[PDB]
Amino acid sequence: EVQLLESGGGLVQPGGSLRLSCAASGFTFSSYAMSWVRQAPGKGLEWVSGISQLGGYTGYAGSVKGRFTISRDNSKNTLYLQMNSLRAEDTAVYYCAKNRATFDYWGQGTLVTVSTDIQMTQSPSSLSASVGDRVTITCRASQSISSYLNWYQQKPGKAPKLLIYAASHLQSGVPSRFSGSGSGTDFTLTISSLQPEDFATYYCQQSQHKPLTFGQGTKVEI
């Protein structure tokens, strides 16, 4: 039912410009804040920008401040990211996502190639296990964040998916072998019995304070 369809990526020279589009369907687009999150090749997820329902409030990561502009056209159910003065450091897959701080749906990602914060730390950074094993992943916040903690799963080549929100709530449709626990500064995601489709990188993310930050990712290999 919910789809976020991205377009507009490509290859540009340093200093160049691109515009990304994210077409939404299956939910009431104008009722939700919308966001952009990027991922440089082989690296973790990084929040880039967000925009309120009617466009009056926007936010940008410090590194793109003044060069990127987020906008939306509610009458076309479309979110945009205008990217000027592109730098090598901007090379990444760009995801749009629904909501401000709990990203319950993600676009498929579009590749752009140019050629005080709350720190989240995950343990382990990677692990190799076998079908049927129990896996636990720890996420620590550098300050107390109560229950404002989400978990995402990202299979190789794919967009992230929300698994757990607000520390312990199972997102609709997620298998019950996934569970979340914890509070304050220490949180855990548990996969009670690892299935073959669970090989993926898992990310925690605090939803309480700007700028939004992700853990570095835990790669679960088989």
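As a starting point, this report considers the structure included with it.

So, on to the environment of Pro 175. Following the sequence through the fold, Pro 175 ends up in the loop between β16 (169-170) and β17 (178-183). Sequence separation of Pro 175 and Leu 127 is 48 residues, and the distance between their C-alpha atoms is 21 Å.

What follows deals with the sheet that holds strand β10 (residues 110-114). With respect to topology, six strands assemble into an open sheet ordered β2-β10-β9-β4-β5-β6, the strand pairing being mixed. With one partner strand each, in any of the chains shown, β2 (10-12) and β6 (58-60) form the two edges of the open sheet. Strand-to-strand twist in this sheet, taken as the mean axis angle between neighbours without regard to direction, amounts to 25°. Across three bridges, β2 lies against β10 in parallel orientation. Across the sheet, residue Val 12 finds its bridge partner in β10, namely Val 114.

Bringing the pairing of strand β7 (residues 68-73) into the picture now. Residues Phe 68, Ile 70 and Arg 72 point to one face of β7 and are all buried, whereas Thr 69, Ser 71 and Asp 73, pointing to the other face, are not buried. Pairing between β7 and strand β8 (residues 78-83): six bridges, direction antiparallel. Paired with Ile 70 across the two strands is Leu 81, which belongs to β8. The turn joining β7 and β8, which pair antiparallel and follow one another in sequence, is formed by four residues; a positive phi near 50° is taken by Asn 77.

Attention now moves to the state of the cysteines. Working definition: the covalent bond between the sulfur atoms of two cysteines is a disulfide. Enumeration according to the criterion identifies two disulfides in this entry. Bridging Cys 22 to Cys 96, the disulfide has an S-S length of 2.1 Å. Disulfide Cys 22 to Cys 96: torsion about the S-S bond roughly 65°, handedness right-handed. Of this pair, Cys 22 sits in strand β3 (residues 18-25) while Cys 96 is found in strand β9 (residues 92-98), placing the two residues 74 residues apart along the sequence. Looking at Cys 22, the relative accessible area reads 0%, which means it is buried.

We now examine the nonpolar core. Counting 38 residues, the largest nonpolar core has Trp 36, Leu 79, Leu 81, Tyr 94, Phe 103, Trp 106 and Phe 214 as its most contacted members. Among the secondary structure elements, those contributing two or more residues to this core are β3, β4 (34-39), β5 (46-51), β7, β8, β9 and β10. Per-element tally for this core: the top contributor is β9, with five residues. For this core, the domains that each give at least three residues are domain 1 (3-114) and domain 2 (120-220). In this structure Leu 81 touches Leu 18, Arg 19, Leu 20, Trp 36, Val 48, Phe 68, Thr 69, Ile 70 and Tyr 94, once residues within four positions along its chain are discounted.

With that settled, the discussion passes to the packing of aromatic side chains. Taken as a whole and judged by the stated rule, the model has nine aromatic pairs. Taken together, a centroid distance of 6.4 Å and an interplanar angle of 55° make the contact between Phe 27 and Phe 29 tilted. Of the two residues, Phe 27 and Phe 29, neither departs from the other in class, the shared state being buried. Measuring from ring centre to ring centre gives 6.0 Å for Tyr 152 and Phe 214, while their planes differ by 50°; the resulting arrangement is tilted. Pair noted here: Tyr 152 is in strand β14 (residues 149-154) and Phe 214 is in strand β20 (residues 213-214), with a separation of 62 residues, a long-range link. Of the two residues examined, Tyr 152 and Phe 214, each falls in the buried class. Here the aromatic cluster, defined as three or more aromatic residues joined through ring pairs, consists of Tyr 95, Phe 103, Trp 106, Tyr 152 and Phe 214. Lying over the aromatic face of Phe 29, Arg 72 brings its terminal NZ or CZ to 4.3 Å of the ring centre.

Here we come to the side chain of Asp 90. The residue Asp 90 is located in the loop between β8 and β9 in this model. If near-sequence neighbours (up to four positions away) are discounted, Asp 90 is found in contact with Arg 38, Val 64, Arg 67, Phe 68, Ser 85, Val 112 and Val 114.

Quick look at the side chain of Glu 6 now. Tracing the backbone through its elements, the reader meets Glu 6 in strand β1 (residues 3-7). It is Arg 19 that comes nearest to the buried, bridge-free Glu 6 among opposite-charge side chains, at 12 Å. In this structure the side chain of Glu 6 is engaged in a polar contact, spanning 3.1 Å, whose partner is the backbone nitrogen of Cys 96. Sequence-distant contacts of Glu 6, defined by excluding residues within four places in its chain, comprise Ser 21, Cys 22, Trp 36, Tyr 94, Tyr 95, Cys 96, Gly 107, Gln 108, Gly 109 and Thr 110.

About the thresholds
Numbers on residues come from counting from 1 along each chain's written sequence, not from the entry itself, and any residue without coordinates is not displayed. Side-chain metrics in this entry use all non-hydrogen atoms of the structure; hydrogen atoms and water are not considered. Residues with missing side-chain atoms are left out of burial classes, side-chain pairs and their counts. A run of DSSP states H or I qualifies as a helix once it reaches four residues; a run of E qualifies as a strand once it reaches two. Both are numbered from the N-terminal end. DSSP-based pairing: two strands are paired if at least 2 bridges between them are found. Helix axes are fitted only over the stretch in contact, all axes being lines through C-alpha atoms; the angle between N-to-C directions runs from 0 to 180 degrees. Accessibility here uses a 1.4 Å probe with only protein chains present; expressed as a share of the type maximum, an area under 20% marks a residue as buried, one over 50% as exposed, and anything in between as partly exposed. A pair of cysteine sulfur atoms is labelled a disulfide when the two atoms are within 2.5 Å. The definition of a nonpolar core used throughout is a set of buried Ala, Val, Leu, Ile, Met, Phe, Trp, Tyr and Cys residues joined through side-chain atoms within 4.5 Å. Boundary definitions for the domains trace back to an automatic or database domain assignment. Throughout, a residue-residue contact means that at least one pair of heavy atoms, one from each residue, lies within 4.5 Å. To pair, rings of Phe, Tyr and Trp, with the six-membered ring standing in for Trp, must have centres within 6.5 Å; the planes then decide the type, stacked if under 30 degrees apart, edge-to-face if over 60, and tilted in the middle. Here, over-ring charges are defined by two tests on the NZ atom of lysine or the CZ atom of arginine: distance to the ring centre within 6 Å, and angle to the ring normal within 35 degrees. Counted as positive: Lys and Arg. Counted as negative: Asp and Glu, with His and the chain ends omitted from the count. Any carboxyl oxygen of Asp or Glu that lies within 4 Å of a side-chain nitrogen of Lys or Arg is treated as forming a salt bridge with it. Any pair of N or O atoms that falls within 3.5 Å is considered a polar contact. Within protein, one atom must be able to donate a hydrogen and the other to accept it, and sequence-neighbouring residues count only if both atoms are side-chain atoms.

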